[PDB]
Amino acid sequence: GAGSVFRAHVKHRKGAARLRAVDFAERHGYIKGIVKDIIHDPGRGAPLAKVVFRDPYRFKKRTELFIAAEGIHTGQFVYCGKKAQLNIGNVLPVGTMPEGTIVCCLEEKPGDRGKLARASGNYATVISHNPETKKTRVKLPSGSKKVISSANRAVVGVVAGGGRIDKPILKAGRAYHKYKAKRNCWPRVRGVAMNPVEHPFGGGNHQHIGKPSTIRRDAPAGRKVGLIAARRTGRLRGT
Amino acid sequence: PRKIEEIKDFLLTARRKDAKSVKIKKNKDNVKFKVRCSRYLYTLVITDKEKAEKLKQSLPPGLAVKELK
Amino acid sequence: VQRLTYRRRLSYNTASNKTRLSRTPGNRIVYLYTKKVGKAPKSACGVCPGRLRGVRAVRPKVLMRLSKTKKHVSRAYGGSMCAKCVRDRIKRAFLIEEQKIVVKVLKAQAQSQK
Amino acid sequence: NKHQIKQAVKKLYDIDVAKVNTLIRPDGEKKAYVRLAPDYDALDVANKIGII
Amino acid sequence: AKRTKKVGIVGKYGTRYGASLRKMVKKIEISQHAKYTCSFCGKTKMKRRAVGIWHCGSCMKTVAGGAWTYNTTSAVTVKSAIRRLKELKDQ
RNA sequence: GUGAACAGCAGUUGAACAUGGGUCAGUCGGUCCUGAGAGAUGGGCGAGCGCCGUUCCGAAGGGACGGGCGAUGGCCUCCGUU
RNA sequence: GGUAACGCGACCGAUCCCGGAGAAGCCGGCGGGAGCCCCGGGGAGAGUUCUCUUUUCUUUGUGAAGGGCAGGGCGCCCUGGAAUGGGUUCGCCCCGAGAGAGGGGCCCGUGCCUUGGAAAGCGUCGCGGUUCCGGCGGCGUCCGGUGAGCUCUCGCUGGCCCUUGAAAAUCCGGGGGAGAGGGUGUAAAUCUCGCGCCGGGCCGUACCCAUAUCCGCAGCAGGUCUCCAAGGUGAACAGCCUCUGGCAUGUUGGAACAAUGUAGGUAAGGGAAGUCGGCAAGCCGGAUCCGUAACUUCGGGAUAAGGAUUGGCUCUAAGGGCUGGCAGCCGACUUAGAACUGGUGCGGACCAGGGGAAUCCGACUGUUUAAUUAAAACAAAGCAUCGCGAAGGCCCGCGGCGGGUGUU
Ligand SMILES: [Zn+2]
């Protein structure tokens, strides 16, 4: 597959939740907005919420989409800035907060308005800070510690909607509508049952593999199917 | 269509400039006067025959009077 | 049994096709078109789901034909916000204004001491 | 047009027109229906031009 | 009278999809069907709208909470960590 | 009106042949708009008919409330005026 | 005008800002209002009338447009503060953040009648024009309560989603006061109130919608997108007989009744012993009542396995609204019991379960080689790991910071 079939179907999902534009009011000041209402957005598992601000130069009722945190209510004043206090639901730079702070919607670089760790029940943990040359080590939920230049800003708290994948799938009738809403790649067919003229692992009379599933990283398209550069396999023993 | 209640409003309607043609419907125990204005057909239901006979003489002469059968 | 037929060219069960039954003066049954009716206008607060009374819940193209007092009611914030939320905003206005007066008195005392 | 039929009849024959209703035949010709006022009779204006 | 012996809200499913799986799912299903007490009013009116959202009947105030439950133990520990960091900043 | 051919025989009849009539809207639908999608064009690529894209590197509002100054139509009074 | 929901007749007002309709999933239950049906009496037409029959059937009113009255919903504001806990649904929920008791008030009213409107129309009887004539005259165009009857619309409430159920044109609603108006009257401006006058371009409007007008070489048993849907029998939009409407047996007619073909039934006695193969074919069949094992993921088994009953005529008992512990008047269907009696007859034609115990595979609903295989095939609920932090994971490409994943 290349496209136009396996893509995710996005019709009722309108827009994306972006972080507020940086200025002097986020550099060396703070400003207050209100929480209008929260709603479960289609497509995304985590719900969104309307946060109404105002422009300091203009007079249009602005609004901003943020990820809804766990344990928050509507009709609440949210402060944002460098000089803001420490509470749940507050975006602030990393150089002001101390170490060991559970944050989400983190930026890998200052300017992209929030990319890292903002899915359903995910948060990156700041390990330690560095005052000289503005460095910060942040452990990602995978386990790797990334170095961030401490110019970005991030909200406080975990994302609402945690523990969604703990319960197994009840029935294929629910699964068909869920994957029909998400993306049309649910009838997963085995490559042995597939034809050998298109899929490489097909062919033969009996149902057998007969070839090593490990594959080199340097491989062209069509061949690159399977465990991609598998160091080990089987049951994970220990860590 | 609309109904004129009083005799004075019916006279002021009949003395208008755009009065096309009035008609008289003679059924039992009632005399219905129907004047044809531009927008509505204004009607007057009189249950008293003597008052209707007086009103028929009280019609102005400059109006198309017709007794519908 | 009135085995009726079509009158227009639209043949399918369309949601735009809304008719009603009525008796003709000619002693026969045929449909008549129902006019499209909308909902009552909701207040601009949002916290109160109770819609306003005294306003004809109708298609809003009729509002060009309606009169001024037929559109809006003779009340402050007429046809935009209910009087409960209006007086709640007035109470919040007076309490936050008196709180700002108390903050101004405390700021004057802070400038008097230090 | 329906007003152009009215102006074309009013310029030539000098007669008033109430309304104009037109169709198009399947043979490929337009068929109008000119309504006359009752002061000028249609049979009389046909006898003036000669047709019957 | 006594309706069932030990099966509950999964008893409408019946013989399907195993016993231990339905026994595991039942604890989440009872927890989501049982409404919780609000903090503003206190009445048991918190109705489950969707994932990560809760609607109140009395106060009519949307509260963005957990997916299946209302408040998680992880959220309690996050609130305690925010309290500890606030006290550490205040000194 | 007709009886050359058809209606698996049949026909005076028929969707058969030839001359003519027959569809009338301010109030009925299209016309106005957008959805899935297509697509001109800034820009760039391509020897080449042409290709990517729907804001994407752009000198992107030809619209308008009011004030002043010369001029016209109706005693330049007031308005469409310029 | 009123404490108020709100109303009356016009009752100003820019840029800009805000909000609403537009514009929203499915299902279950309940209530109200209409249409079509049901009945008694009264009228106009006909059939039955060897016999009886107050018998049988056709029929009995009103549009758009303005207003009033019913009748519903009220999460709409006041007098007052309730646990010995109250009002209340088919079900529930609510309540010192304000229940029951009391007064007003807006929203929809398609039900009633009034203007439209009896003039028209439907019949009966007579008078002409031999005819051309919205011809002419008399009478009717009713009196009432109901019903889990069928259909439509509206309102209330709950459940389901790891799925949250569309955008655009359009309009008025709300703050807002820079400006336009004037000196006491025939004031100026302002008019969304009742009016009066003139027009609203262009395109199409005929027929069928199917075993003769669409497609299949054709009067082609095939495919074929939608609306309207009487009475009895009956739980039934199931099956059968009749009402309205349609029809003259579908590329032919007559004659006798050979064998062998096609579709049906009936068959003394045994009852799968024939044949790879109870394959085909046949039996049981519904309702009520009693009653039910092995194994078990305790949910299924199960209608387990099993038994008794199935008419006519004529009675008894039980369950409701209105008015003034109490009496009268209107009453619509169900259930239970008894005797007489029919040639053992009764789900008298239609509808109309085969089970019980074992072995192997696959959980199963579902997709499937148009046209030889529907299954143990696939989709599959669960589990296990591989790579990747946008300077990259994968795919496409001839190219442009190329596109998809990524609205991530
Ligand atoms: Zn609360």
# chains A, B, ... in the order shown; residues from 1 in each chain; ligands from 1

$ residues_around --residues "region 394-401 of chain G" --least-positions-apart "3" --cutoff "8 Å" --atoms "only C-alpha atoms (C1' of nucleotides)" --output "JSON, numbers by chain"
{"A": [1, 2, 3], "F": [44, 45, 46, 52]}

$ residues_around --residues "residue 25 (chain A)" --least-positions-apart "6" --cutoff "10 Å" --atoms "only C-alpha atoms (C1' of nucleotides)" --output "JSON, numbers by chain"
{"A": [31, 56, 80, 81, 82, 83]}

$ select_by_dssp --residues "chain C" --states "strand (DSSP E)" --output "ChimeraX atom specification"
/C:19-23,29-33

$ write_last_selection --atoms "N, CA, C and O atoms" --output "short mmCIF file (atom, residue, chain, number, x, y, z; two decimals), in the first residue's frame"
data_model
loop_
_atom_site.label_atom_id
_atom_site.label_comp_id
_atom_site.auth_asym_id
_atom_site.auth_seq_id
_atom_site.Cartn_x
_atom_site.Cartn_y
_atom_site.Cartn_z
N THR C 19 -45.80 16.96 5.11
CA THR C 19 -47.18 17.29 4.77
C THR C 19 -48.09 16.94 5.94
O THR C 19 -47.67 16.30 6.92
N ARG C 20 -49.34 17.36 5.84
CA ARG C 20 -50.37 17.04 6.82
C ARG C 20 -51.67 16.75 6.10
O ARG C 20 -51.85 17.09 4.93
N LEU C 21 -52.60 16.13 6.83
CA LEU C 21 -53.88 15.73 6.27
C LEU C 21 -54.95 16.75 6.65
O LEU C 21 -55.02 17.20 7.80
N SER C 22 -55.79 17.11 5.68
CA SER C 22 -56.84 18.09 5.90
C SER C 22 -58.01 17.80 4.98
O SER C 22 -57.83 17.23 3.89
N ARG C 23 -59.21 18.17 5.41
CA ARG C 23 -60.42 17.92 4.64
C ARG C 23 -60.74 19.13 3.76
O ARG C 23 -60.84 20.25 4.25
N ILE C 29 -59.97 14.02 0.56
CA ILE C 29 -58.79 14.15 1.41
C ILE C 29 -57.54 14.27 0.54
O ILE C 29 -57.30 13.44 -0.35
N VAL C 30 -56.75 15.31 0.79
CA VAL C 30 -55.49 15.52 0.08
C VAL C 30 -54.55 16.23 1.04
O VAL C 30 -54.99 16.82 2.03
N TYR C 31 -53.25 16.15 0.77
CA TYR C 31 -52.26 16.72 1.67
C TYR C 31 -52.22 18.24 1.57
O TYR C 31 -52.66 18.84 0.59
N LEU C 32 -51.68 18.86 2.62
CA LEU C 32 -51.32 20.27 2.61
C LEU C 32 -49.94 20.42 3.23
O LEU C 32 -49.58 19.70 4.16
N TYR C 33 -49.17 21.38 2.71
CA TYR C 33 -47.78 21.55 3.13
C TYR C 33 -47.71 22.21 4.50
O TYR C 33 -48.35 23.24 4.74
#

$ residues_around --residues "residue 230 (chain A)" --least-positions-apart "2" --cutoff "10 Å" --atoms "only C-alpha atoms (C1' of nucleotides)" --output "VMD selection string"
(chain A and resid 213 to 217 226 to 228 232 to 233) or (chain G and resid 385 to 387)

$ interface_residues --of "chain A" --to "chain G" --cutoff "8 Å" --atoms "only C-alpha atoms (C1' of nucleotides)" --output "MDAnalysis selection string"
chainID A and resid 1:3 7 10:16 40 42 59:60 116 164 169:172 174 177:178 181 187:188 226:231 233:236

$ closest_residue --among "G:156, G:327, G:97, G:280" --to "ligand 1" --atoms "only C-alpha atoms (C1' of nucleotides) and all ligand atoms"
G:97
